Amino acid sequence: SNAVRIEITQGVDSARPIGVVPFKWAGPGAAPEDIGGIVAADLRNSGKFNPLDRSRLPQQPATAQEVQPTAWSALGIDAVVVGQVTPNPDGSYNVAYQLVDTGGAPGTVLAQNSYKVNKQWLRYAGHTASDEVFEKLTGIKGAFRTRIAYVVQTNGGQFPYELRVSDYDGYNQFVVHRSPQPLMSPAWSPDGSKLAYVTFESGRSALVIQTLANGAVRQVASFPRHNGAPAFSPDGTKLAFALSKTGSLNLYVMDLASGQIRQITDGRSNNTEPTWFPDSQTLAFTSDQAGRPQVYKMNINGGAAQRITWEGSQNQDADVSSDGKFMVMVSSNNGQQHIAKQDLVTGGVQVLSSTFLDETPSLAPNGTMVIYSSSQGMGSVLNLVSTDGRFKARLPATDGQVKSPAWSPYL
Ligand SMILES: [K+]
Ligand code: NA
C-alpha cells in the first residue's frame, strides 16, 4: 500500500537538467515496473534535478553506446541515465543503469551498476540507481532508499491510531502499531532497526522501543504524568527522553545495554525535546527557562546549559543535522508557526515553510530535505521543504489524518 503520496507545490525551475530514459525491459509482455520513472521521480523529489519530460526526449537509447551526446548537450543536458531490466531464470531480476556524460567527456560512462533483486525489491533497485546517480553528480549521499515513520488517525472504530512506516516516497507502507489511543513522537535508532514512540494505551503516557522486523517491544518509562520526546544517540548506546514526574520536565538518558536510567537535568525549568549532536554526548533541547520556549545545548556529562536560539519570540522541537553544522526547528513569530533552519556555524536563521501550524520537523539523513506536519485542526498532512527553502511538496494520507513524522537514517 501507499497512503502517503508526494505532490510538489513549489518546484526548482533552475534545477540541474538531466536525461532519464525509460529502461529497456528484456522479458515478454509489459515491464513489471517503470524503473526509469522511479529514477526521474527520485531526482526531481530531491529538489536538485529537473529530469526532461519523457515526451521531449530526443531519443530513447537502450544502451550507453546508443546515446548521441550532441542531442542532449544541445538542450543543456550534460548527463543521461539509460538502463535495462532483465528477468533471470531463477525468477529474480537484474536492474542495470549506466550514467553517460553528454558534456565535457561525451559518451564516457561516469557510473554504472547492476542489481540482482527479487520482485519485492524492484523499487529499491530503482532507488539504488537514483542514489548512485545523485551522489556521482552532487557529491552528496542519496536518501532514496530511506524510510519515513508517521502516525495516521483512520476513520476506524477500535484502533483508529496507527504508527506506520513507508519508503520516503510513500510506497511499501506497513503498520508498526495500532492503538485505541494516540501514538506520538516516533524516533529511529541509528541502524534503522527500531522505533521509540509514546503510547497512551494504559490511559497515561508510556515510552517504548519496538524492533520493526519482529514486533518486539521494550518498555522504557511509564512514570506519573508525562513520558516522551525520545531520541537515540548516533553511536547506538543511549536513548534520551523527557519525564515530568518531578513537577517539571527533565531530560533522562537510558543506557540501552544495561537499561539504567540517569537524570541529566534537575532544575526548575521544563527541559524537553532532546536532539543529539554527532558526538553522542551533546544534546540540543527545548527549555522554558527564558519564558517562551527556546533551544539550549548541554553536554550529558556535566556543565551548564547554553542558549543557542537568540533570534525569534519562540523556538522549539529542534533536529540537529547528521553533520552538526545546522538544525531545523519550529520558530514562532507574530502568531505564525513555521519550520526554520539555524546555521550552527554562522548563527543565521532562515524560515523555510509557509504552511499553517507547522510542527515536528525531521531531517533526511543527507541534510537536504525536511519532512514535517501541518495541523488542519481536526485533520493533518505531512509536508516537505528543502533545507535551502526552494523546493516544497505536500504529503497527505489517502486514508486519514497524518502527523508526527520521522525520517529514517540511511538504510
Ligand atoms: K526540570
Ligand atoms: Na539528527
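Each residue of the sequence shown is one higher than the one before, starting from 21 at the first, in the authors' numbering. Even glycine gets a Cβ: it sits at the ideal position worked out from N, Cα and C.
Fill in: Continuous beta strand (DSSP E) stretch holding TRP427: start and end
Residue mapping note: residue 427 aligns to position 407 of the sequence shown, counting from 1. Per DSSP, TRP427 belongs to the beta strand (DSSP E) from 421-427.
Discussion item. Tell me the rounded alpha-carbon separation between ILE320 and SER406.
Written reply: Reading the sequence shown from its first residue, position 300 is the one you call residue 320. Reading the sequence shown from its first residue, position 386 is the one you call residue 406. Roughly 31 Å between the two C-alpha positions.
Practice prompt. Measuring alpha carbon to alpha carbon, tell me which of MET349, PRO313, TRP92 and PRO416 ends up nearest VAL41.
Written response: Locating residue 41 in the sequence shown gives position 21, where the first residue counts as 1. Ranking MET349, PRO313, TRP92 and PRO416 by Cα distance to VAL41 puts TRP92 first.
Worksheet item: What is the residue span of the beta strand (DSSP E) that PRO107 lies within?
Response: Numbered from its first residue, the sequence shown carries residue 107 at position 87. Here the beta strand (DSSP E) through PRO107 covers 99-107.
Discussion item. Can you tell me whether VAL195 is buried or exposed? The criterion is at least 16 other CB atoms within 10 Å of its CB, across all chains shown.
Written reply: As a position in the sequence shown, residue 195 is number 175, starting the count at 1. Exposed: under 16 other Cβ atoms inside 10 Å.
Worksheet item: ligand 1 heavy atoms versus the CB of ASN22: any closer than 7 Å?
Response: Counted from its first residue, the sequence shown places residue 22 at position 2. No, the beta carbon of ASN22 sits no closer than 7 Å to any heavy atom of ligand 1.
Worksheet item: Is it the case that the CB of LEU383 approaches a heavy atom of ligand 2 more closely than 7 Å?
Response: On the sequence shown, position 363 is the one that residue 383 refers to. True, at least one ligand heavy atom lies under 7 Å from that Cβ.
Fill in: Stretch-stretch touch, CB-based, cutoff 8 Å, three pairs: the region 87-103 with the region 40-57
With the cut-off at 8 Å, the region 87-103 and the region 40-57 touch.
Worksheet item: Sorry if obvious, but does the Cβ on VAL340 come closer than 7 Å to a heavy atom of ligand 2?
Response: Along the sequence shown, read from residue 1 onward, the residue named residue 340 stands at position 320. Checking the Cβ of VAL340 against ligand 2 gives yes.
Worksheet item: Do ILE168 and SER428 have their C-beta atoms within less than 8 Å of each other?
Response: Numbered from its first residue, the sequence shown carries residue 168 at position 148. Numbered from its first residue, the sequence shown carries residue 428 at position 408. Between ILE168 and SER428, the C-beta gap is smaller than 8 Å, which places the two residues in contact.
Worksheet item: Between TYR113 and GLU86, what straight-line distance do the alpha-carbon atoms span, to the nearest angstrom?
Response: Walking along the sequence shown from the start, residue 113 turns up at place 93. Walking along the sequence shown from the start, residue 86 turns up at place 66. Their backbone Cα atoms lie some 23 Å apart in a straight line.
Worksheet entry | Between the CA atoms of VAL153 and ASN192 - distance to the nearest angstrom | Counting from 1 along the sequence shown, the entry for residue 192 is found at position 172. Counting from 1 along the sequence shown, the entry for residue 153 is found at position 133. Roughly 23 Å separates the two Cα atoms.
Fill in: For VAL87, the three-state DSSP class (helix, strand or coil)
Numbered from 1 along the sequence shown, position 67 holds the residue referred to as residue 87. Per DSSP, reduced to three states, the secondary structure at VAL87 is coil, with no helix or strand assignment.
Worksheet item: DSSP on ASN353, reduced to helix/strand/coil?
Response: Locating residue 353 in the sequence shown gives position 333, counting from the first residue. Strand.
Fill in: Environment of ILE359 [buried if 16+ CB atoms lie within 10 Å]
Within the sequence shown, numbered from 1, the residue matching residue 359 stands at position 339. The residue is buried, with at least 16 neighbouring Cβ atoms inside 10 Å.
Discussion item. I'd like the span of the alpha helix (DSSP H) that includes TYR144, first residue to last.
Written reply: Within the sequence shown, residue 144 is the residue found at index 124, counting from 1. Boundaries of the alpha helix (DSSP H) harbouring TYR144: 142-158, taken from the DSSP string.
Worksheet item: Is any heavy atom in ligand 1 found nearer than 7 Å to the beta carbon of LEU269?
Response: In the sequence shown, the residue the question calls residue 269 occupies position 249. Checking every heavy atom of ligand 1 against the Cβ of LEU269, one is found closer than 7 Å.
Worksheet item: What residues in its chain sit with their C-beta under 7 Å from that of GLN79, if we drop five residues either side in the sequence?
Response: Translated into the one-based positions of the sequence shown, residue 79 becomes position 59. Excluding residues up to 5 positions away in sequence, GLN88 and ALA91 lie with their Cβ nearer than 7 Å to the Cβ of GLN79 in the same chain.
Discussion item. Looking at the secondary structure, which residues open and close the alpha helix (DSSP H) in which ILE55 lies?
Written reply: Stepping through the sequence shown from its first residue, residue 55 is reached at position 35. Where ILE55 is concerned, the enclosing alpha helix (DSSP H) stretches over 55-65.
Item to complete: Provide the residue span of the beta strand (DSSP E) that contains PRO313, from first to last.
Response: Counted from its first residue, the sequence shown places residue 313 at position 293. Per DSSP, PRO313 belongs to no beta strand (DSSP E) and is neither H nor E.
Worksheet entry | Among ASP189, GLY190 and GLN230, the one whose alpha carbon lies nearest that of residue 12 | Residue 12 cannot be examined here, being either before or after the span of the chain that is shown, 21 to 431.
Practice prompt. Could you pull the start and end residues of the beta strand (DSSP E) that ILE168 belongs to?
Written response: Mapped onto the sequence shown, residue 168 falls at position 148. Note, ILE168: beta strand (DSSP E), 167-173.
Discussion item. Let me make sure I understand the geometry here. Which of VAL228, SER264, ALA260 and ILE281 has the alpha-carbon closest to that of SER289?
Written reply: Residue mapping note: residue 289 aligns to position 269 of the sequence shown, counting from 1. For the residues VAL228, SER264, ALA260 and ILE281, the minimum Cα distance to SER289 belongs to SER264.
Worksheet item: Terminal residues of the continuous beta strand (DSSP E) containing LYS68?
Response: As a working mapping, residue 68 is identified with position 48 in the sequence shown. Element bounds for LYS68: n/a, residue is neither H nor E.
Worksheet item: If you draw a straight line from the alpha carbon of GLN326 to that of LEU271, how long is it in whole angstroms?
Response: Your numbering for residue 326 matches position 306 in the sequence shown. Your numbering for residue 271 matches position 251 in the sequence shown. For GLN326 and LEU271, the distance between alpha carbons rounds to 15 Å.
Worksheet item: Could you give the residue range of the beta strand (DSSP E) that holds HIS197?
Response: Counted from its first residue, the sequence shown places residue 197 at position 177. Its beta strand (DSSP E) spans residues 194-199.
Worksheet item: Does the count of Cβ pairs from the region 300-315 and the region 327-334 closer than 8 Å reach three?
Response: Contact holds between the region 300-315 and the region 327-334, because three or more Cβ pairs, one in each stretch, are under 8 Å apart.
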